[PDB]
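Enquirer: Please read through the structure below; I'll follow up with questions.
Note that each Cβ is placed from the backbone with ideal geometry, even for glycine, and that neighbours are counted across all protein chains shown. Values quoted throughout were computed directly from the atomic coordinates according to the rules given, and no laboratory measurement underlies them.
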């Protein structure tokens with residue numbers, strides 16, 4: 001039973017982090033578009049790799 | 001024996017592997033030296 | 001016999017297992033040595049930040 | 001044993017932690033070397049004030 | 001000219017900060033300290049404690 | 001600044017490790033799990049009553 | 001026996017009623033962890049942008 005006590009709360013804590021991932025990438029991708037077009041020849045190579 | 005199992009399972013989470021960290025430590029020291037030489041040259045311009 | 005039993009009782013309160021403490025201080029001595037190195041290394045390196 | 005207790009009690013007033021002192025020693029040693037360097041370079045710049 | 005100085009200097013800074021962290025863990029001997037060292041497993045550490 | 005910080009840190013960690021080693025040395029030399037009221041007082045009191 | 005009963009309080013779910021005291025500490029820890037991680041990374045990314 002105690003093994004399950006660990007497992008359940010651990011996954012429950014897990015899920016929120018992926019929502020954090022999603023919103024972070026949402027805003028990041030919001031910016032990469034501008035930095036690509038406004039780059040107009042430049043490229044945020046770090047924003048390429050980091051995402 | 002239950003306590004022994006718990007004791008080692010804790011190490012699994014908290015502890016640090018000496019070898020990996022010392023290797024990374026030396027490597028990053030080398031990287032530091034590289035960066036410093038880079039700086040002093042570039043400032044030499 | 002009643003004295004013997006209490007004599008055995010006494011030790012568990014106050015005596016020490018020898019193997020645990022020995023192995024312990026050995027390993028902590030090794031860790032102590034390693035951190036000692038790290039101090040010496042880090043300060044000598046910090047010297048290069050300005051050895052220039 | 002009471003004399004030993006005195007001895008340790010003495011230490012608290014007069015004994016020096018070798019690690020603290022040596023750390024401070026190398027720290028101020030670095031300061032001493034660096035400070036020399038700054039004087040030298042500044043004085044060279046002064047020499048160039050006239051040139 | 002600024003950009004170049006900042007580029008290389010901040011290179012030095014992040015290289016140091018990396019080494020600082022490796023230095024932290026090595027000197028202490030603990031791989032994990034805090035939400036920044038372990039936002040996840042430290043909770044199970046509490047449980048097992 | 002952070003040079004200072006990290007050397008100090010090393011100092012903190014090394015001192016804590018040494019303090020552990022020194023308490024180990026205490027019990028080591030004495031061959032006793034306990035000698036003081038501030039080790040674990042209850043054991044001490046039980047020792048007096050058992051004596 | 002009342003002394004024996006007190007100890008069981010620690011085994012009770014009451015405060016964490018969906019949980020116990022243990023899990024209050026641990027879940028608060030997990031919360032600060034998620035916050036620390038996500039905010040740190042957002043800060044780093046926006047610093048890169050600027």
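Enquirer: Would you confirm, using the coordinates I've provided, whether residue F:10 is surrounded by fewer than 11 Cβ atoms within 10 Å (Cβ to Cβ) and either within 30 Å of residue D:30 (Cβ to Cβ) or more than 9 Å from chain C (Cβ to nearest Cβ) (or both)? I'd like the intermediate steps shown before the answer.
Expert: Values: surrounded by fewer than 11 Cβ atoms within 10 Å (Cβ to Cβ): no; either within 30 Å of residue D:30 (Cβ to Cβ) or more than 9 Å from chain C (Cβ to nearest Cβ) (or both): yes.
Here the answer is no, as residue F:10 does not meet what is asked.
Enquirer: Follow-up. Quick check on my filter: what residues within segment E:15-41 are part of a helix (DSSP H, G or I) and within 11 Å of chain G (Cβ to nearest Cβ)?
Expert: Step one: of segment E:15-41, the residues part of a helix (DSSP H, G or I) are E:15-28, E:41.
Of everything in segment E:15-41, just one residue is part of a helix (DSSP H, G or I) and within 11 Å of chain G (Cβ to nearest Cβ), namely E:41.
Enquirer: Take residue E:47 and tell me if it is within 14 Å of chain G (Cβ to nearest Cβ) and either farther than 23 Å from residue B:19 by Cα or part of a helix (DSSP H, G or I) (or both).
Expert: Numbers: within 14 Å of chain G (Cβ to nearest Cβ): yes; either farther than 23 Å from residue B:19 by Cα or part of a helix (DSSP H, G or I) (or both): yes.
In short, yes.
Enquirer: Still on this structure: Quick one: count up the residues across segment B:20-35 that are within 7 Å of chain E (Cβ to nearest Cβ) and under 14 Å from residue E:12 (Cα atoms).
Expert: Residues meeting the conditions: 5.
Enquirer: Oh, and also: Any residue that is within 11 Å of chain E (Cβ to nearest Cβ), surrounded by 11 or more Cβ atoms within 10 Å (Cβ to Cβ) and not in a loop (DSSP other than H, G, I, E, B) - is there at least one of those in segment G:3-20?
Expert: Within segment G:3-20, not a single residue is within 11 Å of chain E (Cβ to nearest Cβ), surrounded by 11 or more Cβ atoms within 10 Å (Cβ to Cβ) and not in a loop (DSSP other than H, G, I, E, B).
Enquirer: Any residue in segment C:5-27 that is over 11 Å from residue F:32 (Cβ atoms) sitting within a Cβ distance under 9 Å of a residue that is exposed (fewer than 10 other Cβ atoms within 10 Å of the Cβ)? List the pairs, counting only those 6 or more apart or interchain.
Expert: C:10/F:51
Matching residues to (1) at the interface with chain E (Cβ under 7 Å from one of its Cβ atoms); (2) over 23 Å from residue E:2 (Cα atoms); (3) surrounded by 12 or more Cβ atoms within 10 Å (Cβ to Cβ):
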{"residue": "B:3", "(1), (2), (3)": "no, yes, no"}
{"residue": "B:7", "(1), (2), (3)": "no, yes, no"}
{"residue": "B:11", "(1), (2), (3)": "no, yes, no"}
{"residue": "B:15", "(1), (2), (3)": "yes, yes, yes"}
{"residue": "B:18", "(1), (2), (3)": "no, yes, yes"}
{"residue": "B:37", "(1), (2), (3)": "no, no, no"}
{"residue": "B:42", "(1), (2), (3)": "yes, no, yes"}
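Enquirer: Could you say which residue among G:37, G:43 is at the interface with another protein chain (Cβ under 9 Å from one of its Cβ atoms) and within 30 Å of residue A:33 (Cα to Cα)?
Expert: Working: G:43 fails: at the interface with another protein chain (Cβ under 9 Å from one of its Cβ atoms).
Sole residue among the options that is at the interface with another protein chain (Cβ under 9 Å from one of its Cβ atoms) and within 30 Å of residue A:33 (Cα to Cα): G:37.
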